[PDB]
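By convention here, the first residue in the shown sequence is residue 1. Note: hydrogens, waters and symmetry copies are ignored here, and every other heavy atom, side chains too, is used.
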Amino acid sequence: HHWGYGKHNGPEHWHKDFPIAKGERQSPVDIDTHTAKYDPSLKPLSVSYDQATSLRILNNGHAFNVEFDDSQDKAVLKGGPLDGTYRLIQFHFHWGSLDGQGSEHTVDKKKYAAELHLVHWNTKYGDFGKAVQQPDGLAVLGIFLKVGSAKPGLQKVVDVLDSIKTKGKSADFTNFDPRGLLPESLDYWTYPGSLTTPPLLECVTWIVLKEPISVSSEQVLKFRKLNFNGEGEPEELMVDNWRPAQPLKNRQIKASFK
Ligand SMILES: [N]S(=O)(=O)[N][C]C123[B@]45[B@@]67[B@@]89[C@]1%10B81%11B698B746B814B562B%10%1143
Ligand SMILES: [Zn+2]
């Protein structure tokens, strides 16, 4: 009875194994655009992905991760609300069964079709596993996806999904450039939060871009052909792998823009 996204093991249940699920800085949250305040203290955001080295893509039974070599300073996120240098370790998505749902963060309660998470760790902590135990251990860059035109820089990801349909399957995924997943603007909201999957640790500075990327219906339909189950098991399509918005509690969402 492992955690997942169904009736019996979904987000409503996670607090039994992971009591921090009802904690003071859980993610995702609704971003109320009228209450978010412009913060002149935020430095410019720096997303330096030119030297990123992808290694592999993996179906972990809740999503797929595109993994990077993080053994040196190649693809880093700096600036904005962050102190120091955060190294890219992987990205993954959350998505829906229908185009009207799928994102984790919401914007004035609007749900997007999906949400990309580029996960980075604070190099002052030496490794990811140490970083997740710190309040400023991780920075996750969140990008909304809406359905419209195709995102060409996503298609390499879409085209390998057939090879990792079921839980535990992985595939070589070198030379993927995550710059092709970024929108034009780096305007963002930022707040302190958590991992949105177990273990739900409260170690993330969230940086959520205002501008969504557009992906095609055909692209998102291929995400929805993945399976939560492993090979040879009854098919459970990998859809609706998102946690809903959690209580904002004693937090302020800051905007980088006027
Ligand atoms: N939606 S999230 O970015 O909060 N998920 C973070 C993850 B992914 B899955 B579970 C938590 B552990 B494994 B791997 B590692 B990273 B961290
Ligand atoms: Zn995520």
Side-chain angles (χ1 to χ4, degrees), residues 44-60 63-80 82 84-95 102-105 112-123 127-128 131 138-165 169-188 204-226 238 256:
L45 197 64
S46 172
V47 185
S48 298
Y49 291 166
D50 38 293
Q51 294 291 296
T53 319
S54 64
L55 288 164
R56 204 177 62 133
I57 187 174
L58 167 74
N59 179 334
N60 63 21
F64 60 88
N65 294 341
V66 174
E67 292 150 6
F68 288 81
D69 168 25
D70 69 346
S71 69
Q72 338 174 47
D73 260 347
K74 287 167 170 209
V76 302
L77 183 64
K78 312 170 59 151
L82 301 176
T85 298
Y86 288 71
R87 199 176 289 178
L88 183 63
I89 179 161
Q90 53 110 303
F91 67 76
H92 63 272
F93 303 79
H94 306 260
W95 63 90
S103 70
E104 295 203 310
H105 293 92
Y112 288 86
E115 188 172 327
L116 170 54
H117 290 165
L118 294 133
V119 179
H120 316 72
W121 58 271
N122 193 328
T123 61
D127 67 58
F128 180 82
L138 291 196
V140 181
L141 177 60
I143 302 177
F144 296 120
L145 282 59
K146 58 183 182 148
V147 170
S149 307
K151 196 75 177 176
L154 187 57
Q155 191 63 32
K156 281 199 202 171
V157 172
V158 159
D159 281 333
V160 83
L161 297 183
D162 285 323
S163 79
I164 57 154
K165 182 171 85 171
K169 296 199 98 68
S170 71
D172 292 331
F173 205 66
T174 51
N175 300 110
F176 180 77
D177 190 343
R179 291 180 300 186
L181 304 171
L182 308 178
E184 292 180 4
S185 184
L186 294 181
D187 286 342
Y188 66 85
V204 182
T205 299
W206 274 97
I207 299 171
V208 180
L209 298 189
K210 174 170 173 187
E211 190 176 359
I213 58 165
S214 295
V215 304
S216 60
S217 201
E218 290 89 341
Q219 284 175 326
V220 75
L221 284 164
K222 296 178 172 182
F223 281 23
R224 302 185 186 129
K225 291 174 50 174
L226 290 164
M238 184 183 277
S256 75

Chi angles and distances behind the side-chain contact (heavy atoms from CB on, under 4.5 Å) call for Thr53, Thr174: CA-CA 7 Å; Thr53 319; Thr174 51; over 6 Å; no
Stepwise side-chain contact (heavy atoms from CB on, under 4.5 Å) test for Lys165 and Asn59: CA-CA 7 Å; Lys165 182 171 85 171; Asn59 179 334; 5.7 Å; no
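- Residues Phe128 and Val119 share a closest heavy-atom pair of CE1-CG1, 4.1 Å.
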Candidate pair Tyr188 and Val208, rule side-chain contact (heavy atoms from CB on, under 4.5 Å), full reasoning: CA-CA 5 Å; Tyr188 66 85; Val208 180; 5.9 Å; no
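- Side-chain contact between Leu181 and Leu116: present, with at least one pair of heavy atoms (C-beta onward) separated by less than 4.5 Å.
- Of all heavy-atom pairs spanning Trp121 and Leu138, the tightest one is CB-CD2, 3.6 Å.
- Here the CG-CD1 distance, from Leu77 to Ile207, works out to 5.0 Å after rounding to the nearest 0.5 Å.
- For the atom pair CG (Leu141) and CG (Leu182), the distance works out to 7.0 Å, reported to the nearest 0.5 Å.
- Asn65 places no side-chain N or O within 3.5 Å of a backbone atom of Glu67 that could act as its donor or acceptor partner.
- Between the side chain of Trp95 and the main chain of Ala63, no donor-acceptor pair closer than 3.5 Å is present.
- Taking both residues in full, the closest heavy atoms of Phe144 and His105 are given as CE2-O, 3.4 Å, listed atom of the first, atom of the second, then distance.
- With respect to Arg87, the side chain to side chain donor-acceptor pair (under 3.5 Å) criterion is satisfied by exactly one of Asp127, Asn122, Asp73: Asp73.
- Of all the heavy atoms in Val158 and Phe223, the pair that sits closest is CG2-CE1, 4.0 Å.
- Minimum heavy-atom separation, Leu58 to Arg56: CD2-NH2, 3.7 Å.
- No side-chain donor-acceptor contact under 3.5 Å links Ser103 to the backbone of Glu115.
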Chi angles and distances behind the side-chain contact (heavy atoms from CB on, under 4.5 Å) call for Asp70, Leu88: CA-CA 6 Å; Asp70 69 346; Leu88 183 63; over 6 Å; no
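- The minimum heavy-atom distance between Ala52 and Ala75, with the atom names listed, is CB-CB, 3.6 Å.
- The backbone N or O of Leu118 lies less than 3.5 Å from a partner atom in the side chain of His120, making a donor-acceptor pair.
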Verdict with reasoning, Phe68 to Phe176, per ring pair (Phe, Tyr, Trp, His ring centres under 6.0 Å): CA-CA 9 Å; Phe68 288 81; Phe176 180 77; 7.2 Å; no
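- Considering only heavy atoms from C-beta on, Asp69 comes within 4.5 Å of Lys74 through its side chain.
- Between the OG atom of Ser48 and the CZ atom of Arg179 there is a distance of 10.0 Å, given to the nearest 0.5 Å.
- By the side-chain contact (heavy atoms from CB on, under 4.5 Å) test, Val160 pairs with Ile57, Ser163, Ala171, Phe173, sequence neighbours left out.
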Stepwise salt bridge (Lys or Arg N to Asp or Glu O under 4.0 Å) test for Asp159 and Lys222: CA-CA 8 Å; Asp159 281 333; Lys222 296 178 172 182; 3.8 Å; yes
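- Here the straight-line distance linking atom OG of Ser149 with atom CD1 of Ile213 works out to 11.5 Å at 0.5 Å rounding.
- Considering CG of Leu145 and OG of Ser216, their distance stands at 10.5 Å, rounded to 0.5 Å.
- One distance of note links CZ of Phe64 with NE2 of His92; it measures 10.0 Å at 0.5 Å rounding.
- The main-chain N or O of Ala150 is never found under 3.5 Å from a side-chain atom of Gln219 such that the two would form a donor-acceptor pair.
- Listed for the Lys156 side chain is a donor-acceptor partner under 3.5 Å among the backbone atoms of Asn175.
- Contact check for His117 versus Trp206: side-chain heavy atoms found under the 4.5 Å cut-off.
- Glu211 contributes a side-chain N or O that, together with a main-chain N or O of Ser185, makes up a donor-acceptor pair within less than 3.5 Å.
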